[PDB]
Each structure stands twice: as C-alpha cells, then as structure tokens.
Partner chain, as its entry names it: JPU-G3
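Below, in structure tokens: the form solved without the partner chain, a single chain.
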C-alpha cells in the first residue's frame, strides 16, 4: 500500500542504484546532481532546474522581457541541504497522497507502464532505444551506466511558480504527439501553493479577492502528472490548438487563449470547450499513430542492447498500448481497446476528478485568475497528511475545508505575493 518504499533522507549515502549522482543526457555539459529513485521508472532531483533548458540557467529575473505578473522569484530557494531534504520528503508525501486514492493508483500505474517507445532505429527490421529517454547513473566504481526512465520531478527554474513539463525532443519525431512518448521532467515544488476564491464570480474576475483558500499541492502535482501521462503515451494535444476564450469578458478583452491540452487536463466543464468534431479528429490521429507503432513492431526482427530480448520489448509495448496479438504474432490495434485507453488517459485522469477523490476545495475551472502564492510546509504531520491534506480529521480543520482556509488555518500559510489587480 506504499508507492515509495523508502523514506529517503537527502544526506543518505550514494549507492549507485536508487541514491546516485546522475547526468541527464546530451544537455550541453553539466555537473552530476544527487538524485533519488522513489519508484520503478520515477526519479526525484531536489535541485533547481538549471539543466533542461540552456536558455534557463540563471535563477534571478530576466530583463523583464517576458515578465508575467503571475511570477515569483527567489534565487536562494532550494540551495541548502535542509531544503533539499524537505523537498524530497514533501514530494514523496504527495506521491503517497495521490497513490492513496483509486484514481491516483490508476494514474501512477499508467505512468510506470508508459515506457517511451523504442523508435530510435534507422533500419525498419531493428528495435532500438531513443537516447534522450535515459539518464546516466554514476556507479559505485565511478563509471556511468545508462538507465531508461519515465519521469523526473525536479525543482523549478528561475520562476518558482512556473511548473512546466520538459522533455527532450527529436530531430524529426514529435515524441509527445506521435504515440511514442518521452521521459518527462516536471518542474514542481511542494513548498509553495496558490490561493483561489471560493465564489466562481470572484475567482474568475481579475480585480477581486485575495486568495482566501489554498490549493492542495497534491492536486497540483496530479495535474502535472496528467500531462505527463498524455506525453508518455504520445497523445498530448499540440499547444497551438487553443480555445479563443469567448466565455469570460476579461479573458477576451485581452487576447487570452487557453490550450486544448489544458482544458482536457482540467476536465469537468472545461473539456466541453473542445468541440466534438476536433476531439474526434484527435482520436483518429492518435489511433493512426498507434497503428504505425504496431506496424513498426511487426517489422522489427532484431534487438539492440543486452538489456532485454526482442519479444520481451515487444511484449512491453504490447502491454503499454494494449495491442491485440493474432495467431501469427502480428500486432494490431483494436478500436474498442484503443478508445478505452485513450479515454482513461484523457477523460478519467483529470484535475476535476482528483478533486472528487481528495474531497478538497479547488478552483472550479482553469479559466480563472491567480490570486496569491503562499509558502507552506506539508512535511510535518501536524500540518498535512497523506489521507487528509490540510483538512486534518478530528480537529477544527476537518470540516468545511477549514484546513485550506488560510484565514482559519493561518499558521500553515505565509502569503508572499498578491496577484489580484496586476492583470
């Protein structure tokens, strides 16, 4: 009943297996960073992300060329061992909170099985891994060994509250949109959270409200992991497929468009802004991509590496993509099974559904306005638990989401910056 079987301490000695110094592949040149394998295929790097983007290596603000008023900078955050220890325990606690629900158990299972496809070969007859879906692990003897992985949680770059999904691209293949998948780096912090307003009219108005209620960071992480699920299955929607927000006078007075991928990931009523014709266009597109993967696996007659047999890897991708196998070992895609897997990843795994499972208060739509950012500490169980988040059972915080009420539960939240009015 435990997703993370070891309670890591940041200062635990390296062992070259699940506590190790690692380099992420072909990223110019970097110094190895201490990393922690918290589950099969999932690693945590308690560092500010100065690696995945060469354009983002400085931790203090740009020349405000692209200064979003919804932003927060602190060059010193996550620079000390105590902070990295607390980041690691916070992230592991949120994974346990997610895994404690049926929906999060299902989502994390999909993610672990969502191994990025072995589509690196130039010969149709051979199956080969794609380099950028691995990390390099320093072994006890000081040499590097390459390890495939699906997901890395890393600390944010310069902008602390811009949680972004980063994955390494291909020269020709669009790995997050062609059914293949790729290793996903999520910038994320458990040490901050956002305020929202409990009345829809106030929450969706840019001039009103200070952010009375705090978002549960388990919801925020689950939201990022939903994107990671889409991207690991290669079914993310192109970010320039957008909704011209015509349902909010403030959104449209500015030129505000919101990606279909975000509306999908929130779910509930937001996903209805993706119209039936284009939704079907997407499902057919991804259905064809899975067939191309079935064609590639059929055409494969050799393996590369000594890490697995050919039809071991064939069975790995038969299980990931839920392919049918005929009496001749030829793979095909069954529409019923495809529609079911696609729907699980896109309609069942949503922010709105996670809200139901956690029984928290949350924004009612993605089409709102940020209110505030708070400093928090979820590591102590007197503050936050796996089973209750902030709304601790058998206290004054159990009822009416009083734990998320930053006015009632004020010692758990320090307001760092207001956003209302800045729009």
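Shifts are known only where both forms have a C-alpha. Throughout, rigid core stands for the largest set of C-alpha atoms superposing within 1.5 Å between the two forms. Positions refer to the first chain, counted from 1.
The next section is about a form of this same protein that is not shown, the form deposited with the partner chain bound.
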Could you tell me if residue 175 has a non-hydrogen atom within 4.5 Å of the partner chain in the deposited complex?
-> yes
So in the deposited complex, does any heavy atom of residue 168 sit within 4.5 Å of the partner chain?
-> yes
Residue 231 near the partner chain in the deposited complex, any heavy atom under 4.5 Å?
-> yes
Is the gap between residue 239 and the partner chain in the deposited complex 4.5 Å or less for some heavy atom pair?
-> yes
If we check the partner chain in the deposited complex, which of the residues in 347 to 372 reach within 4.5 angstroms of it by a non-hydrogen atom?
-> none
After rigid core alignment between this form and the one not shown, the listed option with CA shift of 2 Å or more out of 306, 276, 240, 82 is 306
Large Cα shift (2 Å or above) at residue 55 between this form and the one not shown, core-fitted = no
Classify residue 65 as shifted (yes) or not shifted (no) between this form and the one not shown, where shifted means its C-alpha moves by 2 Å or more with the rigid core superposed.
-> yes
Direction of the Cα shift between residue 238 and residue 66 in the deposited complex, where the change is 3 Å or more = farther
Your call: residue 175 and residue 66 CA atoms, closer or farther in the deposited complex versus the shown structure, by 3 Å or more?
-> farther
Would you please work out which stretches of at least three consecutive shared residues show Cα displacements of 2 Å or more throughout between this form and the one not shown, after fitting on the rigid core?
-> 62 to 67, 305 to 307
